[PDB]
>>> print(open('final_10.cif').read())   # mmCIF, N, CA and C atoms
data_protein
#
loop_
_atom_site.label_atom_id
_atom_site.label_comp_id
_atom_site.auth_asym_id
_atom_site.auth_seq_id
_atom_site.Cartn_x
_atom_site.Cartn_y
_atom_site.Cartn_z
N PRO X 301 -17.20 -30.53 -20.36
CA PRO X 301 -16.10 -29.99 -19.54
C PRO X 301 -16.35 -28.58 -19.04
N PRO X 302 -15.95 -28.30 -17.81
CA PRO X 302 -16.12 -26.95 -17.29
C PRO X 302 -15.23 -25.99 -18.07
N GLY X 303 -15.50 -24.72 -17.85
CA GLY X 303 -14.71 -23.70 -18.54
C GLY X 303 -13.35 -23.51 -17.90
N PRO X 304 -12.59 -22.61 -18.48
CA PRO X 304 -11.26 -22.29 -17.94
C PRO X 304 -11.42 -21.37 -16.74
N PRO X 305 -10.33 -21.12 -16.04
CA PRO X 305 -10.36 -20.20 -14.91
C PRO X 305 -10.83 -18.80 -15.32
N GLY X 306 -11.48 -18.14 -14.35
CA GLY X 306 -11.81 -16.74 -14.53
C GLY X 306 -10.57 -15.86 -14.59
N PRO X 307 -10.78 -14.57 -14.85
CA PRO X 307 -9.70 -13.58 -14.95
C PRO X 307 -9.13 -13.31 -13.57
N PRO X 308 -7.91 -12.80 -13.51
CA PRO X 308 -7.38 -12.41 -12.20
C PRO X 308 -8.28 -11.38 -11.53
N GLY X 309 -8.24 -11.36 -10.19
CA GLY X 309 -8.98 -10.28 -9.54
C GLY X 309 -8.27 -8.93 -9.65
N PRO X 310 -8.89 -7.88 -9.12
CA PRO X 310 -8.27 -6.55 -9.22
C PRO X 310 -7.09 -6.36 -8.27
N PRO X 311 -6.29 -5.34 -8.47
CA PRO X 311 -5.25 -5.05 -7.48
C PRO X 311 -5.85 -4.81 -6.11
N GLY X 312 -5.00 -5.11 -5.11
CA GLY X 312 -5.35 -4.88 -3.72
C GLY X 312 -5.46 -3.41 -3.36
N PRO X 313 -5.81 -3.21 -2.08
CA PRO X 313 -5.93 -1.84 -1.58
C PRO X 313 -4.54 -1.23 -1.41
N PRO X 314 -4.48 0.06 -1.29
CA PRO X 314 -3.23 0.76 -0.97
C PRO X 314 -2.65 0.32 0.36
N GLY X 315 -1.33 0.38 0.49
CA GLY X 315 -0.68 0.13 1.78
C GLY X 315 -0.87 1.27 2.73
N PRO X 316 -0.40 1.11 3.96
CA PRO X 316 -0.54 2.14 4.98
C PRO X 316 0.42 3.29 4.80
N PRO X 317 0.18 4.40 5.47
CA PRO X 317 1.20 5.45 5.45
C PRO X 317 2.51 4.97 6.05
N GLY X 318 3.61 5.57 5.58
CA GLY X 318 4.88 5.27 6.15
C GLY X 318 5.02 5.84 7.57
N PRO X 319 6.22 5.56 8.08
CA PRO X 319 6.59 6.02 9.40
C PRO X 319 6.79 7.54 9.42
N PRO X 320 6.77 8.12 10.61
CA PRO X 320 7.12 9.54 10.73
C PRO X 320 8.55 9.78 10.27
N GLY X 321 8.77 11.00 9.78
CA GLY X 321 10.12 11.35 9.39
C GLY X 321 11.02 11.61 10.60
N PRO X 322 12.27 11.96 10.35
CA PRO X 322 13.21 12.21 11.44
C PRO X 322 12.97 13.58 12.05
N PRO X 323 13.58 13.82 13.21
CA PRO X 323 13.48 15.15 13.82
C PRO X 323 14.12 16.19 12.90
N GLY X 324 13.64 17.42 13.04
CA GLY X 324 14.31 18.51 12.37
C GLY X 324 15.68 18.78 13.04
N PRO X 325 16.47 19.70 12.48
CA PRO X 325 17.79 20.00 13.03
C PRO X 325 17.67 20.93 14.24
N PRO X 326 18.79 21.11 14.95
CA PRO X 326 18.77 21.97 16.13
C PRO X 326 18.33 23.39 15.77
N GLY X 327 17.75 24.06 16.75
CA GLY X 327 17.31 25.44 16.64
C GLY X 327 18.47 26.40 16.71
N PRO Q 101 -20.83 -25.98 -17.42
CA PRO Q 101 -20.47 -25.34 -16.13
C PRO Q 101 -19.33 -24.34 -16.21
N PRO Q 102 -19.42 -23.24 -15.46
CA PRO Q 102 -18.30 -22.30 -15.46
C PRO Q 102 -17.02 -22.92 -14.89
N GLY Q 103 -15.88 -22.33 -15.24
CA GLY Q 103 -14.64 -22.79 -14.63
C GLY Q 103 -14.47 -22.23 -13.22
N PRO Q 104 -13.30 -22.47 -12.64
CA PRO Q 104 -12.96 -22.00 -11.31
C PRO Q 104 -12.65 -20.49 -11.32
N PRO Q 105 -12.69 -19.91 -10.13
CA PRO Q 105 -12.30 -18.51 -9.97
C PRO Q 105 -10.87 -18.33 -10.48
N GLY Q 106 -10.59 -17.13 -10.96
CA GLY Q 106 -9.22 -16.79 -11.35
C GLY Q 106 -8.35 -16.57 -10.12
N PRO Q 107 -7.09 -16.26 -10.37
CA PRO Q 107 -6.14 -16.00 -9.30
C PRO Q 107 -6.39 -14.63 -8.67
N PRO Q 108 -5.82 -14.38 -7.49
CA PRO Q 108 -5.94 -13.04 -6.92
C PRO Q 108 -5.24 -12.01 -7.81
N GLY Q 109 -5.74 -10.75 -7.66
CA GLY Q 109 -4.98 -9.69 -8.30
C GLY Q 109 -3.63 -9.45 -7.63
N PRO Q 110 -2.81 -8.56 -8.19
CA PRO Q 110 -1.51 -8.23 -7.60
C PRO Q 110 -1.68 -7.30 -6.41
N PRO Q 111 -0.62 -7.07 -5.67
CA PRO Q 111 -0.67 -6.15 -4.51
C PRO Q 111 -1.09 -4.75 -4.94
N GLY Q 112 -1.75 -4.07 -3.98
CA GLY Q 112 -2.05 -2.69 -4.22
C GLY Q 112 -0.84 -1.80 -4.22
N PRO Q 113 -1.06 -0.51 -4.52
CA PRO Q 113 0.06 0.43 -4.60
C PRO Q 113 0.59 0.73 -3.21
N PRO Q 114 1.80 1.30 -3.12
CA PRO Q 114 2.31 1.69 -1.80
C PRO Q 114 1.42 2.73 -1.15
N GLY Q 115 1.45 2.77 0.18
CA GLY Q 115 0.76 3.83 0.85
C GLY Q 115 1.45 5.16 0.67
N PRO Q 116 0.83 6.21 1.22
CA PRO Q 116 1.42 7.55 1.13
C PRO Q 116 2.60 7.74 2.07
N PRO Q 117 3.44 8.73 1.86
CA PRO Q 117 4.50 9.02 2.84
C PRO Q 117 3.91 9.25 4.23
N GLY Q 118 4.70 8.95 5.25
CA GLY Q 118 4.27 9.25 6.61
C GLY Q 118 4.23 10.72 6.94
N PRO Q 119 3.85 10.94 8.20
CA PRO Q 119 3.74 12.29 8.71
C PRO Q 119 5.12 12.88 8.95
N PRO Q 120 5.14 14.20 9.11
CA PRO Q 120 6.42 14.87 9.38
C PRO Q 120 7.00 14.44 10.72
N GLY Q 121 8.33 14.45 10.82
CA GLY Q 121 9.03 14.20 12.07
C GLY Q 121 8.80 15.33 13.05
N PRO Q 122 9.29 15.15 14.27
CA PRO Q 122 9.14 16.17 15.32
C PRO Q 122 10.12 17.32 15.15
N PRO Q 123 9.88 18.45 15.81
CA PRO Q 123 10.86 19.53 15.76
C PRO Q 123 12.21 19.09 16.31
N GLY Q 124 13.28 19.73 15.83
CA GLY Q 124 14.64 19.48 16.33
C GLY Q 124 14.83 19.99 17.75
N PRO Q 125 16.03 19.78 18.28
CA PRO Q 125 16.32 20.28 19.63
C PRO Q 125 16.51 21.78 19.62
N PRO Q 126 16.44 22.36 20.80
CA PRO Q 126 16.69 23.81 20.90
C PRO Q 126 18.05 24.28 20.36
N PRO D 201 -18.12 -21.92 -19.99
CA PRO D 201 -17.78 -20.52 -19.74
C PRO D 201 -16.70 -20.35 -18.68
N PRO D 202 -15.88 -19.32 -18.84
CA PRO D 202 -14.87 -19.06 -17.82
C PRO D 202 -15.54 -18.82 -16.46
N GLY D 203 -14.73 -19.09 -15.44
CA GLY D 203 -15.14 -18.91 -14.08
C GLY D 203 -15.22 -17.45 -13.69
N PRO D 204 -15.56 -17.24 -12.42
CA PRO D 204 -15.66 -15.87 -11.94
C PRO D 204 -14.28 -15.28 -11.71
N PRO D 205 -14.21 -13.96 -11.56
CA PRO D 205 -12.92 -13.31 -11.26
C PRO D 205 -12.32 -13.75 -9.93
N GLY D 206 -10.99 -13.71 -9.89
CA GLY D 206 -10.31 -13.96 -8.63
C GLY D 206 -10.54 -12.83 -7.64
N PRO D 207 -10.12 -12.97 -6.40
CA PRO D 207 -10.28 -11.95 -5.35
C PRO D 207 -9.28 -10.82 -5.53
N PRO D 208 -9.55 -9.69 -4.89
CA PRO D 208 -8.54 -8.62 -4.91
C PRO D 208 -7.23 -9.06 -4.33
N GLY D 209 -6.14 -8.45 -4.85
CA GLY D 209 -4.85 -8.78 -4.26
C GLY D 209 -4.66 -8.25 -2.86
N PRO D 210 -3.48 -8.53 -2.30
CA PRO D 210 -3.14 -8.08 -0.95
C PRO D 210 -2.94 -6.57 -0.91
N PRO D 211 -2.97 -5.97 0.27
CA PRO D 211 -2.58 -4.54 0.38
C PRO D 211 -1.14 -4.32 -0.10
N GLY D 212 -0.92 -3.10 -0.60
CA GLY D 212 0.44 -2.64 -0.93
C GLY D 212 1.32 -2.49 0.28
N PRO D 213 2.58 -2.18 0.00
CA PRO D 213 3.53 -1.94 1.08
C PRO D 213 3.31 -0.58 1.72
N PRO D 214 3.87 -0.33 2.92
CA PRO D 214 3.80 1.03 3.46
C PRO D 214 4.48 2.04 2.56
N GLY D 215 3.99 3.29 2.70
CA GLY D 215 4.72 4.36 2.06
C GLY D 215 6.06 4.65 2.73
N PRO D 216 6.88 5.54 2.15
CA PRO D 216 8.17 5.87 2.73
C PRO D 216 8.03 6.79 3.93
N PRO D 217 9.09 7.04 4.66
CA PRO D 217 9.01 7.94 5.83
C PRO D 217 8.57 9.33 5.45
N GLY D 218 7.94 10.01 6.39
CA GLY D 218 7.60 11.39 6.11
C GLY D 218 8.84 12.27 6.09
N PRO D 219 8.63 13.57 5.83
CA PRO D 219 9.73 14.53 5.74
C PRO D 219 10.27 14.84 7.14
N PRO D 220 11.47 15.41 7.24
CA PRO D 220 12.01 15.80 8.56
C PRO D 220 11.08 16.81 9.20
N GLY D 221 11.10 16.87 10.52
CA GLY D 221 10.32 17.94 11.15
C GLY D 221 10.96 19.30 11.05
N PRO D 222 10.36 20.34 11.60
CA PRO D 222 10.95 21.68 11.51
C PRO D 222 12.16 21.85 12.42
N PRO D 223 12.97 22.89 12.22
CA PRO D 223 14.05 23.10 13.19
C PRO D 223 13.48 23.39 14.59
N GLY D 224 14.29 23.11 15.60
CA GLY D 224 14.04 23.32 17.02
C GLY D 224 13.90 24.78 17.39
N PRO D 225 13.46 25.02 18.61
CA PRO D 225 13.20 26.34 19.17
C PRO D 225 14.45 27.20 19.30
N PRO D 226 14.27 28.50 19.47
CA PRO D 226 15.39 29.42 19.69
C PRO D 226 15.93 29.41 21.12
#
>>> encode(input="final_10.cif", output="structure tokens")
Amino acid sequence: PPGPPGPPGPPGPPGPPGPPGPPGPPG
Amino acid sequence: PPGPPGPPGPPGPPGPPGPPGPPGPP
Amino acid sequence: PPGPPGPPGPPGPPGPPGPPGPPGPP
């Protein structure tokens, strides 16, 4: 009989940067 | 014979915060 | 023998929004 499944792979890569923040307040 | 490949790993970590927003109005 | 390792997981989620921008001009 073949062996059992291998171990899980490693975690994935990091996600992308988030969106830009909001505008600053009025001058 | 070896067994089958294991399952995928879990998702990676979140990305970094985004860039700063634009300047406010005058 | 156990099988080979699984593949890397999926990418993480996006990071959160960046900080507010600076105040507007005078």
>>> atom_distance(input="final_10.cif", atom1="CA of residue 216 in chain D", atom2="CA of residue 309 in chain X")
26.6 Å
>>> calpha_fit_and_write(input="final_10.cif", fixed="chain D", moving="chain Q", output="compact mmCIF listing (two decimals) with N, CA and C atoms, in the frame of the given file")
# COMPACT_ATOMS: atom_id res chain seq x y z
N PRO Q 101 -17.46 -22.11 -20.40
CA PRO Q 101 -17.35 -20.71 -19.91
C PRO Q 101 -16.31 -20.49 -18.83
N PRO Q 102 -15.60 -19.36 -18.87
CA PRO Q 102 -14.64 -19.10 -17.80
C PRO Q 102 -15.33 -18.95 -16.43
N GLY Q 103 -14.56 -19.14 -15.37
CA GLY Q 103 -15.11 -18.89 -14.05
C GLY Q 103 -15.14 -17.40 -13.73
N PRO Q 104 -15.49 -17.08 -12.49
CA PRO Q 104 -15.55 -15.71 -12.01
C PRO Q 104 -14.13 -15.15 -11.76
N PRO Q 105 -14.07 -13.83 -11.68
CA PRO Q 105 -12.82 -13.16 -11.32
C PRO Q 105 -12.33 -13.69 -9.97
N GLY Q 106 -11.02 -13.68 -9.80
CA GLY Q 106 -10.44 -14.03 -8.50
C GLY Q 106 -10.65 -12.91 -7.50
N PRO Q 107 -10.16 -13.13 -6.29
CA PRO Q 107 -10.26 -12.15 -5.23
C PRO Q 107 -9.28 -11.00 -5.45
N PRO Q 108 -9.46 -9.88 -4.75
CA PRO Q 108 -8.47 -8.82 -4.85
C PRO Q 108 -7.11 -9.28 -4.31
N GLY Q 109 -6.06 -8.60 -4.83
CA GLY Q 109 -4.77 -8.83 -4.20
C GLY Q 109 -4.70 -8.26 -2.79
N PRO Q 110 -3.60 -8.49 -2.07
CA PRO Q 110 -3.42 -7.95 -0.73
C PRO Q 110 -3.05 -6.48 -0.79
N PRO Q 111 -3.04 -5.81 0.35
CA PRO Q 111 -2.65 -4.38 0.40
C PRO Q 111 -1.24 -4.18 -0.12
N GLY Q 112 -1.04 -2.97 -0.68
CA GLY Q 112 0.29 -2.61 -1.06
C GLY Q 112 1.21 -2.37 0.10
N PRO Q 113 2.49 -2.11 -0.20
CA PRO Q 113 3.47 -1.92 0.86
C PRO Q 113 3.25 -0.58 1.55
N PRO Q 114 3.84 -0.39 2.74
CA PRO Q 114 3.72 0.92 3.39
C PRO Q 114 4.35 2.01 2.54
N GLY Q 115 3.87 3.24 2.74
CA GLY Q 115 4.52 4.34 2.09
C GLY Q 115 5.86 4.64 2.70
N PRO Q 116 6.56 5.62 2.11
CA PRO Q 116 7.87 6.01 2.64
C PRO Q 116 7.78 6.83 3.92
N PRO Q 117 8.84 6.95 4.68
CA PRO Q 117 8.81 7.86 5.84
C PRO Q 117 8.43 9.28 5.42
N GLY Q 118 7.82 10.01 6.34
CA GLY Q 118 7.53 11.41 6.07
C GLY Q 118 8.74 12.30 6.01
N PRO Q 119 8.42 13.58 5.78
CA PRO Q 119 9.45 14.59 5.68
C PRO Q 119 10.01 14.91 7.06
N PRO Q 120 11.16 15.58 7.04
CA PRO Q 120 11.77 15.97 8.32
C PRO Q 120 10.90 16.97 9.08
N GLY Q 121 10.98 16.93 10.41
CA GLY Q 121 10.32 17.90 11.26
C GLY Q 121 10.96 19.27 11.11
N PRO Q 122 10.36 20.26 11.75
CA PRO Q 122 10.87 21.64 11.69
C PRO Q 122 12.07 21.85 12.60
N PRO Q 123 12.83 22.93 12.40
CA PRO Q 123 13.92 23.22 13.32
C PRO Q 123 13.41 23.41 14.75
N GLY Q 124 14.28 23.13 15.72
CA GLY Q 124 13.97 23.35 17.14
C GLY Q 124 13.89 24.83 17.48
N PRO Q 125 13.59 25.11 18.75
CA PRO Q 125 13.55 26.52 19.18
C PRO Q 125 14.94 27.09 19.31
N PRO Q 126 15.01 28.40 19.36
CA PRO Q 126 16.32 29.05 19.57
C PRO Q 126 17.07 28.61 20.83
>>> residues_around(input="final_10.cif", residues="residue 120 in chain Q", least_positions_apart="3", cutoff="6 Å", atoms="only C-alpha atoms", output="PyMOL selection string")
(chain X and resi 320-321) or (chain D and resi 218-221)
>>> atom_distance(input="final_10.cif", atom1="atom C of residue 302 in chain X", atom2="atom C of residue 101 in chain Q")
4.8 Å
>>> residues_around(input="final_10.cif", residues="residue 304 in chain X", least_positions_apart="3", cutoff="6.5 Å", atoms="all atoms listed in the file", output="PDB file with N, CA and C atoms, keeping the file's coordinate frame")
ATOM      1  N   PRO Q 102     -19.420 -23.240 -15.460  1.00  0.00           N
ATOM      2  CA  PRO Q 102     -18.300 -22.300 -15.460  1.00  0.00           C
ATOM      3  C   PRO Q 102     -17.020 -22.920 -14.890  1.00  0.00           C
ATOM      4  N   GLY Q 103     -15.880 -22.330 -15.240  1.00  0.00           N
ATOM      5  CA  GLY Q 103     -14.640 -22.790 -14.630  1.00  0.00           C
ATOM      6  C   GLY Q 103     -14.470 -22.230 -13.220  1.00  0.00           C
ATOM      7  N   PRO Q 104     -13.300 -22.470 -12.640  1.00  0.00           N
ATOM      8  CA  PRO Q 104     -12.960 -22.000 -11.310  1.00  0.00           C
ATOM      9  C   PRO Q 104     -12.650 -20.490 -11.320  1.00  0.00           C
TER      10      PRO Q 104
ATOM     11  N   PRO D 201     -18.120 -21.920 -19.990  1.00  0.00           N
ATOM     12  CA  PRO D 201     -17.780 -20.520 -19.740  1.00  0.00           C
ATOM     13  C   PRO D 201     -16.700 -20.350 -18.680  1.00  0.00           C
ATOM     14  N   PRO D 202     -15.880 -19.320 -18.840  1.00  0.00           N
ATOM     15  CA  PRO D 202     -14.870 -19.060 -17.820  1.00  0.00           C
ATOM     16  C   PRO D 202     -15.540 -18.820 -16.460  1.00  0.00           C
ATOM     17  N   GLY D 203     -14.730 -19.090 -15.440  1.00  0.00           N
ATOM     18  CA  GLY D 203     -15.140 -18.910 -14.080  1.00  0.00           C
ATOM     19  C   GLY D 203     -15.220 -17.450 -13.690  1.00  0.00           C
TER      20      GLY D 203
END
>>> residues_around(input="final_10.cif", residues="residue 111 in chain Q", least_positions_apart="3", cutoff="8 Å", atoms="all atoms listed in the file", output="list in words")
residues 310, 311, 312, 313, 314 and 315 of chain X; 108 and 114 of chain Q; 208, 209, 210, 211, 212 and 213 of chain D
>>> atom_distance(input="final_10.cif", atom1="atom N of residue 224 in chain D", atom2="atom C of residue 316 in chain X")
26.5 Å
>>> axis_aligned_box(input="final_10.cif", around="range 308-322 of chain X", padding_each_side="6 Å", output="lines of an AutoDock Vina configuration file")
center_x = 2.1
center_y = 0.4
center_z = -0.7
size_x = 34.2
size_y = 38.4
size_z = 37.6
>>> residues_around(input="final_10.cif", residues="residue 327 in chain X", least_positions_apart="6", cutoff="5 Å", atoms="all atoms listed in the file", output="VMD selection string")
(chain Q and resid 125 to 126) or (chain D and resid 223 to 225)
>>> write_last_selection(input="final_10.cif", atoms="N, CA and C atoms", output="PDB file, keeping the file's coordinate frame")
ATOM      1  N   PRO Q 125      16.030  19.780  18.280  1.00  0.00           N
ATOM      2  CA  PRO Q 125      16.320  20.280  19.630  1.00  0.00           C
ATOM      3  C   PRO Q 125      16.510  21.780  19.620  1.00  0.00           C
ATOM      4  N   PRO Q 126      16.440  22.360  20.800  1.00  0.00           N
ATOM      5  CA  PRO Q 126      16.690  23.810  20.900  1.00  0.00           C
ATOM      6  C   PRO Q 126      18.050  24.280  20.360  1.00  0.00           C
TER       7      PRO Q 126
ATOM      8  N   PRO D 223      12.970  22.890  12.220  1.00  0.00           N
ATOM      9  CA  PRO D 223      14.050  23.100  13.190  1.00  0.00           C
ATOM     10  C   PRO D 223      13.480  23.390  14.590  1.00  0.00           C
ATOM     11  N   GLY D 224      14.290  23.110  15.600  1.00  0.00           N
ATOM     12  CA  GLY D 224      14.040  23.320  17.020  1.00  0.00           C
ATOM     13  C   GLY D 224      13.900  24.780  17.390  1.00  0.00           C
ATOM     14  N   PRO D 225      13.460  25.020  18.610  1.00  0.00           N
ATOM     15  CA  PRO D 225      13.200  26.340  19.170  1.00  0.00           C
ATOM     16  C   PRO D 225      14.450  27.200  19.300  1.00  0.00           C
TER      17      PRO D 225
END
>>> decode(input="final_10.cif", residues="range 102-120 of chain Q", atoms="N, CA and C atoms", output="PDB file, in the first residue's frame")
ATOM      1  N   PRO Q 102       5.378   6.239  -2.302  1.00  0.00           N
ATOM      2  CA  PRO Q 102       4.927   7.361  -1.465  1.00  0.00           C
ATOM      3  C   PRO Q 102       3.425   7.621  -1.615  1.00  0.00           C
ATOM      4  N   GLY Q 103       2.851   8.288  -0.614  1.00  0.00           N
ATOM      5  CA  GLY Q 103       1.462   8.682  -0.742  1.00  0.00           C
ATOM      6  C   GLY Q 103       1.311   9.924  -1.621  1.00  0.00           C
ATOM      7  N   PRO Q 104       0.092  10.451  -1.682  1.00  0.00           N
ATOM      8  CA  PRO Q 104      -0.231  11.640  -2.454  1.00  0.00           C
ATOM      9  C   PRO Q 104       0.287  12.902  -1.758  1.00  0.00           C
ATOM     10  N   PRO Q 105       0.372  13.969  -2.535  1.00  0.00           N
ATOM     11  CA  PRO Q 105       0.734  15.270  -1.978  1.00  0.00           C
ATOM     12  C   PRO Q 105      -0.256  15.640  -0.879  1.00  0.00           C
ATOM     13  N   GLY Q 106       0.222  16.407   0.084  1.00  0.00           N
ATOM     14  CA  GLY Q 106      -0.660  16.942   1.127  1.00  0.00           C
ATOM     15  C   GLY Q 106      -1.526  18.060   0.571  1.00  0.00           C
ATOM     16  N   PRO Q 107      -2.366  18.600   1.440  1.00  0.00           N
ATOM     17  CA  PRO Q 107      -3.245  19.701   1.060  1.00  0.00           C
ATOM     18  C   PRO Q 107      -2.465  21.010   0.952  1.00  0.00           C
ATOM     19  N   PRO Q 108      -3.057  22.025   0.315  1.00  0.00           N
ATOM     20  CA  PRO Q 108      -2.392  23.325   0.293  1.00  0.00           C
ATOM     21  C   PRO Q 108      -2.256  23.896   1.702  1.00  0.00           C
ATOM     22  N   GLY Q 109      -1.226  24.769   1.833  1.00  0.00           N
ATOM     23  CA  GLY Q 109      -1.181  25.512   3.079  1.00  0.00           C
ATOM     24  C   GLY Q 109      -2.323  26.522   3.201  1.00  0.00           C
ATOM     25  N   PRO Q 110      -2.437  27.199   4.342  1.00  0.00           N
ATOM     26  CA  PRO Q 110      -3.469  28.217   4.549  1.00  0.00           C
ATOM     27  C   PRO Q 110      -3.093  29.511   3.832  1.00  0.00           C
ATOM     28  N   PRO Q 111      -4.017  30.452   3.774  1.00  0.00           N
ATOM     29  CA  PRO Q 111      -3.745  31.754   3.138  1.00  0.00           C
ATOM     30  C   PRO Q 111      -2.580  32.469   3.827  1.00  0.00           C
ATOM     31  N   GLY Q 112      -1.892  33.272   3.004  1.00  0.00           N
ATOM     32  CA  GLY Q 112      -0.881  34.113   3.586  1.00  0.00           C
ATOM     33  C   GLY Q 112      -1.426  35.219   4.438  1.00  0.00           C
ATOM     34  N   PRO Q 113      -0.523  35.991   5.062  1.00  0.00           N
ATOM     35  CA  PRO Q 113      -0.956  37.056   5.963  1.00  0.00           C
ATOM     36  C   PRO Q 113      -1.534  38.211   5.161  1.00  0.00           C
ATOM     37  N   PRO Q 114      -2.266  39.111   5.816  1.00  0.00           N
ATOM     38  CA  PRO Q 114      -2.761  40.294   5.103  1.00  0.00           C
ATOM     39  C   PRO Q 114      -1.626  41.133   4.566  1.00  0.00           C
ATOM     40  N   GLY Q 115      -1.908  41.878   3.501  1.00  0.00           N
ATOM     41  CA  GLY Q 115      -0.929  42.820   3.043  1.00  0.00           C
ATOM     42  C   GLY Q 115      -0.783  43.998   3.982  1.00  0.00           C
ATOM     43  N   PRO Q 116       0.161  44.882   3.643  1.00  0.00           N
ATOM     44  CA  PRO Q 116       0.378  46.075   4.472  1.00  0.00           C
ATOM     45  C   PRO Q 116      -0.703  47.125   4.281  1.00  0.00           C
ATOM     46  N   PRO Q 117      -0.852  48.072   5.183  1.00  0.00           N
ATOM     47  CA  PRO Q 117      -1.788  49.187   4.942  1.00  0.00           C
ATOM     48  C   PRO Q 117      -1.471  49.900   3.631  1.00  0.00           C
ATOM     49  N   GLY Q 118      -2.496  50.482   3.025  1.00  0.00           N
ATOM     50  CA  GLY Q 118      -2.268  51.280   1.831  1.00  0.00           C
ATOM     51  C   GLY Q 118      -1.545  52.579   2.083  1.00  0.00           C
ATOM     52  N   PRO Q 119      -1.382  53.296   0.964  1.00  0.00           N
ATOM     53  CA  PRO Q 119      -0.704  54.567   0.993  1.00  0.00           C
ATOM     54  C   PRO Q 119      -1.596  55.633   1.614  1.00  0.00           C
ATOM     55  N   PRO Q 120      -0.968  56.745   1.983  1.00  0.00           N
ATOM     56  CA  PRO Q 120      -1.747  57.846   2.564  1.00  0.00           C
ATOM     57  C   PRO Q 120      -2.735  58.424   1.553  1.00  0.00           C
TER      58      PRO Q 120
END
